[PDB]
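Don't worry about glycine lacking a Cβ; one is built from the backbone with ideal geometry, like all the others, and counts go over all protein chains shown. Values in this text are rule-based calculations from the coordinates and carry no lab data.
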Amino acid sequence: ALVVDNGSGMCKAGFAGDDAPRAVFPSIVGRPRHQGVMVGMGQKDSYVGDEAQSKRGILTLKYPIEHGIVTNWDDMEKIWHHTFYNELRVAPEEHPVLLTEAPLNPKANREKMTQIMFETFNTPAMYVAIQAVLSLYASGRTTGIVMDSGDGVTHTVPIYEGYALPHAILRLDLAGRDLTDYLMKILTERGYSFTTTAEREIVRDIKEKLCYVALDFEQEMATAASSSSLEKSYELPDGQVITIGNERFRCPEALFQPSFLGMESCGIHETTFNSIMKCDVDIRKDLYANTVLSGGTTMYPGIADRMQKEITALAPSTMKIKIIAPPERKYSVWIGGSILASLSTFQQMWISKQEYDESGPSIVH
Amino acid sequence: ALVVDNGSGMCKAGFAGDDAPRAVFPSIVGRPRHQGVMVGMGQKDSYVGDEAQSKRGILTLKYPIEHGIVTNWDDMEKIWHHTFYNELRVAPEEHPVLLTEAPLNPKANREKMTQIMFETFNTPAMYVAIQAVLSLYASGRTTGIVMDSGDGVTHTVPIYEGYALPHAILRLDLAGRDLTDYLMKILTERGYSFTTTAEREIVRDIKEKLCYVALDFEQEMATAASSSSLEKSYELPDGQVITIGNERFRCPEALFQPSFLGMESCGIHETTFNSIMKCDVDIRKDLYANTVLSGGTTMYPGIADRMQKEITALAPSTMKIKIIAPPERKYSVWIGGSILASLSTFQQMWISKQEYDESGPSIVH
Amino acid sequence: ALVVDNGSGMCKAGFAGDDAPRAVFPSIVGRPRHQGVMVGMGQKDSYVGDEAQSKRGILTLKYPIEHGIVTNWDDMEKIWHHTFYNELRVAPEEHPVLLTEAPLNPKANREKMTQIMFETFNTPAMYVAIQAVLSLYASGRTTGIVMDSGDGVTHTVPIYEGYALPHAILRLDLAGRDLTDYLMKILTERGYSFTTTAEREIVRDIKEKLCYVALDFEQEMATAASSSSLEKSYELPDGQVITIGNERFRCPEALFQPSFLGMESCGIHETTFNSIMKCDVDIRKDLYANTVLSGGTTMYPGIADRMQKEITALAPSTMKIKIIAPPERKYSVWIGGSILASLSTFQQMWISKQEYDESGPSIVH
Ligand SMILES: Nc1ncnc2c1ncn2[C@@H]1O[C@H](COP(=O)(O)OP(=O)(O)O)[C@@H](O)[C@H]1O
Ligand SMILES: Nc1ncnc2c1ncn2[C@@H]1O[C@H](COP(=O)(O)OP(=O)(O)O)[C@@H](O)[C@H]1O
Ligand SMILES: Nc1ncnc2c1ncn2[C@@H]1O[C@H](COP(=O)(O)OP(=O)(O)O)[C@@H](O)[C@H]1O
């Protein structure tokens, strides 16, 4: 059976018989804006994130997915086509597939997504599973509160003894792309300017390399405003040097207290405490000291040691607080997908073609 | 032969060849309220007070027994199944059993209870015995007035020279569970709130730990309203501190003068005097100075020294009054059950299978 | 004398010489989140529900009161200041005032509330009265069971011949704000999203306009899933149309069987039957057929005709059941406040300054 993590930002896919994905590519569809001045194939009508990442510049870049909701399904179907035929060389009619989505999403999403997945690609069996549950499979726990944070979605789910508290789930649409745009908007403080889609991938790669989360933001500010040498240099692809300072932390720190973005919500530590405070009074002792981090934007160095200091300053004292931040968080959800796909007891739960032929797309409910 | 104290509140069981029970667990059956988000065996259809006490939170809690009357027999049969197979590891067809009940109860109770006990578990021999009689066995007296007070039932039986006066027995359905709910309803005076079954066990454990009976309630009220330091603190399972004051006594004191509950009856001291005043005129001298306390809710510190001062203020003077409050009152009825089960002369009194095959369940009468 | 209904949600105030309040405004205090880019007076340090309702967007909105308990008294004192000086144009030192509260509340509330009311505003005389009693004044009955349901509190009080049974009162913290948040959490099923305080008032006004209570919820569900045209459209303040269907009832219906919210209590019909079953056996015949509904969230169309069908299915047959749902339920408690304030025989019951100068704030007891 195939496991495809159509999370936002990049697609990750492979077989359930493996410990890591076989494909990891940036989910972009890119289209040329200039005509072919010399005869050849070298100006295709469209490119997908495998090759559109390197032919950027002459291409505009648009994602099929935003805030975890698919905006144009033809781009997504093109990406699934690339994942099945071009990358894993596999006929989708041969293999069952399971697909990930955010916990709360417009229900029509699941309906269209399955209608495509086995009316067009005619896959034999299908199942949709929420990412936070799959992350626990990857950790192998049965009690815990999972936090996920990727491109444009953050959410949390409490689970105890394998039971989720659906009244205690939260979304918080703050992570990633809304945080890259802040880097774009703060980096113009130095003077550098970045205006276009292909040029944004530079700012993304900057953020993926030159970023750390301060444990005491006020004192890092007081240090970087001193004579301290804290800057590092980045070479742009044309050879222009970039120096970054007073910014390597002041970007990711806006994941906490997101009033810097004018988002009037509570932040990641607040919504972690405010999710545990929705659970029953004796569940707190076992969700505390089992906080599990997941997903790309949890990868900055120093996250866990700040988050722990924030929660411990906020939760009632005389309670053990531990944050389970493993490595490989980027793949955690796919690993758990491979696990759940492999468990023999789960094999009765797939929606088969026979069910959909009776019920149609609302069988997902 | 087995002795099982299926009194209300918690089940206590063991062999007659012992001085204390081998099992003591809260008689609860608990059921999940949330569907399964994660795969496993870890969510049985039902749990019993051994594990439902710790898996509370994810469970609703319902007792099979209320006011000493069984409300749902399938929950009780599940508890007997747990006591025989799971807890005492004993084949019920091997051993006779004796079972306790309240003195006055709907007769259909005894009928169903024995029908189950040796039509289903097919026990070889059976007997039902009233708790107050069994308590005298535990004290070893043959003259006395016994008071019992447990989860939801209080009653009294006078016995002289081993004879009970059935015209002088009283029930008074005031103890225990109706007194925890009053703590729940008075503790909201501080501001704390407790709404649900699992959360009530916290208030029960509070009551089991932070309670004392005032000898001069009016003066303890006048003291706690003074500058006196009289509060104590309880840590909830989440680490929230609770402070309790002007309440640690004002809860159990409602066992006397139950007009605080709007129950228009007389109270425990009144119904003790009003039971002795039903006995013959020369029996008073020997029921006085042989008052025997029994059952859980007689365990609060200061009970006996109040009760003596109340009865002595009410009974005619120039009479010696003594209250036999031993330790181990919690087990007293089970101890007496073990005694009566051990006496060889009693061994002719069990109802055998041969009797029931003639008479059916009404053979208990 | 003034009558101020400082119930939760919105403040309603006026003179006892009137049949309806003179002020009705949403009790919000709002504070700016942005520094001044343009010169003027137009950004006060704080605003109150008169103007903070229209300057929302640029304001954060916080209530002083939640679950009927005041959380920050300075916001409340600011609201009382606005009601006396700014709205009713009245010197508080001239007039006695009576104030409403929920039946069970932390006692410190009444103490602080009166300390403020005539240590700061220096009112000459003061009295606190429970809302359910005041509702009977508005109906003019002397026997009845009153149900109240507003912003964040529901409770019930039985009264017979003008006497309440304090052992039979219940709170049930389910109404209103916990039911708007459910609309926020169910409306994301369509795809629309609402994240912030000012934006929540839109969902509240939706609920106040596009809501009805189904008499047979299962059949309305079966109808809305058909081809039936049952949706209605709401225009947002920006002109975005919203269509709502299969939801206009599935929100308020969660006031019954609140397991949809994961609140493990019984619901409004259950706690109405379970309150009458605490009264004496001959009172039932006269509390039945005098159930009186009160307070805002009882205003949905179809409530009464469902509630009657629920109670009649549950109460013993051959009993007349009638629900007294008058119009003007929103003002009922204030009307009764005006009545009780006007009765000359009541005029001895106010706490005067002379009493408080001896007793301090606990004179309310
Ligand atoms: N090394 C890194 N450290 C921190 N964040 C990263 C790193 N690499 C990628 N990211 C973040 O993750 C995004 C890539 O997609 P991601 O959100 O991880 O999708 P998914 O969660 O589905 O894997 C990047 O745009 C970036 O915001
Ligand atoms: N240490 C204690 N002091 C006072 N009361 C107690 C104590 N422990 C238990 N109780 C009361 O006894 C109840 C336990 O069941 P109980 O009524 O004793 O049943 P039984 O009488 O059948 O043993 C508790 O709910 C509590 O009300
Ligand atoms: N027309 C209406 N129909 C149903 N419910 C309403 C209506 N108007 C207001 N409400 C409910 O009443 C709330 C307003 O405050 P309310 O609870 O009535 O306070 P009070 O009971 O003190 O007047 C609103 O938030 C809403 O939940």
Legend entry - Under the Karplus curve 6.51 cos²θ - 1.76 cosθ + 1.60, θ = phi - 60°, whole-Hz ³J(HN,Hα) for segment C:116-126, x wherever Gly or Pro sits: 4, 4, 9, 9, 9, 5, 6, 4, x, 8, 8
Inset, instruction - Name the long-range amide H neighbours of B:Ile242: under 5 Å, sequence gap of 5 or more, or other chain; modelled H, no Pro or chain starts. - result: B:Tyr234, B:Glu235, B:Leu236
Inset, instruction - Identify the residues of segment C:95-132 with backbone N under 13 Å of a label point that sits 7 angstrom from the Cα of B:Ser193 along the Cα-to-Cβ direction, or state none. - result: C:102-106
Legend entry - Estimated vicinal HN-Hα couplings, Hz - segment B:134-143 in sequence order (Karplus 6.51, -1.76, 1.60; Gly, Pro = x): 4, 5, 5, 3, 5, 7, x, 6, 10, 10
Inset, instruction - Summarise the partner chain shielding of C:188-195 as one whole number: the mean count of Cβ atoms from other chains within 10 Å of each residue's Cβ. - result: 4
Legend entry - Net charge of neighbours whose Cβ lies under 15 Å from the Cβ of A:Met221, counting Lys and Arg as +1 and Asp and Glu as -1: -4
Legend entry - Whole-Hz ³J(HN,Hα) from phi, Karplus 6.51 cos²θ - 1.76 cosθ + 1.60, for segment C:18-23, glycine and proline x: 9, 9, 8, x, 8, 9
Legend entry - chain C: relative contact order in percent, alpha carbon pairs under 8 Å with at least 6 residues between: 19
Legend entry - Computed FRET value (nearest 0.05) for C:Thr318 with C:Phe217, which takes r as the C-beta separation and R₀ as 25 Å: 0.35
Inset, instruction - Sort chain C into rounded, prolate or oblate with this rule: let a ≥ b ≥ c be the square roots of the eigenvalues of the Cα gyration tensor; rounded if a/c is under 1.5, and if a/c is not under 1.5, prolate when a/b is larger than b/c, oblate otherwise. - result: oblate
Legend entry - Computed [θ] at 222 nm, deg cm²/dmol, chain C (DSSP H ≥ 4; -39,500 (n - 2.57); rounded to nearest 500): -8500 deg cm²/dmol
Inset, instruction - Would you mind telling me the antiparallel percentage of the DSSP bridges in chain C, rounded to 5? - result: 70
Legend entry - Three-way shape call for segment B:276-365 based on the alpha-carbon gyration tensor, with the a/c threshold at 1.5: prolate
Legend entry - Assigned charges on the beta-carbon of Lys, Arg, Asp, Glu; chain A dipole about Cα centre (debye): 380
Legend entry - Cβ-vector label at 7 Å, B:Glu264, separations to other copies in nm: 3.6, 5.7
Inset, instruction - Over segment C:1-106, calculate the relative contact order: mean separation of alpha carbon pairs under 8 Å at least 6 apart, over the residue count, as a percent. - result: 31
Inset, instruction - For an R0 of 45 angstrom, estimate the FRET efficiency from the Cβ-Cβ distance between B:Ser228 and B:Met41 and round to the nearest 0.05. - result: 0.25
Legend entry - Chain A Cβ-axis minimum, rotational copy B, residue and distance in Å: A:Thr195, 3
Legend entry - Inter-probe distance in nm under a simple model that places probes 7 Å from Cα toward Cβ, at B:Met277 and A:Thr60: 9.8
Legend entry - Net charge, A:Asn86 excluded, C-beta distance under 11 Å - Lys, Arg +1, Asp, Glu -1: -1
Inset, instruction - Find the centroid of the Cα atoms in segment B:254-272 and in segment A:294-362, then give the distance between the two in whole Å. - result: 56
Inset, instruction - Taking a label point 7 Å out from Cα toward Cβ, give me the nm distances from C:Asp18 to the same spot in the other copies, shortest first, one decimal. - result: 7.5, 7.5
Legend entry - Cβ-based net charge around B:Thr154, under 11 Å, with every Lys or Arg adding one and every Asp or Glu removing one: -3
Legend entry - Calculated label separations, C:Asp286, copies of the chain, 7 Å along the beta-carbon direction, nm: 5.1, 5.1
Legend entry - Computed over segment A:126-262: relative contact order in percent, which uses C-alpha pairs under 8 Å that are six or more apart: 16
Inset, instruction - Scan segment B:288-352 for trypsin sites (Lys or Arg not before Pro) in coil per DSSP, keeping those whose Cβ has at most 12 other Cβ atoms within 10 Å, and list them by number. - result: B:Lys320, B:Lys322
Legend entry - Under 5 Å, built H, 5+ apart or other chain: amide partners of C:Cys11: C:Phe25, C:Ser27
Legend entry - Residues whose placed amide H lies under 5 Å from that of C:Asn72, excluding near-sequence neighbours: none
